[PDB]
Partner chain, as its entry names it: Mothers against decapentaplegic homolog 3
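Presented as structure tokens, the chain that follows is alone, the form solved without its partner chain.
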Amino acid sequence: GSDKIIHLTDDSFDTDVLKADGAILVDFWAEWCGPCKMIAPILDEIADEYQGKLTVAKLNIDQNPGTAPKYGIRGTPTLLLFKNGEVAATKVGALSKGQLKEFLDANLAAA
């Protein structure tokens, strides 16, 4: 995976995400997950391409069972875009690089 991705834990979520200075896109994922597997390389490219405008983060739900229920996540992958501690947009399921780009470009700009 990209070395630019922040791997979050249950204990680090509040500090890493809600206290972040800028936008953080959070990937809720798991080992046995076709769709998680499919957006992974896509996310790597976004981390590279959106550096300075966004930080990509991962929450592994096998290793961190607590955070996902708090945020209404009912499946994986689910992407949550955070801004100054606020969930600002949500995307469930696999998507294309093109779809993820349009979602981010639309949502990063909205304040």
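Residue numbers count along the first chain shown, from 1.
Stretch comparison (50-58 versus 25-33) by mean CA B-factor in the PDB entry places 50-58 on top. Among the modelled residues of its chain, residue 84 has a C-alpha B-factor that falls in the highest third according to the deposited record. Sorting the modelled residues of the chain by their CA temperature factor places residue 9 in the lowest third. Compared with the other modelled residues of the chain, the Cα B-factor recorded for residue 75 ranks in the middle third.
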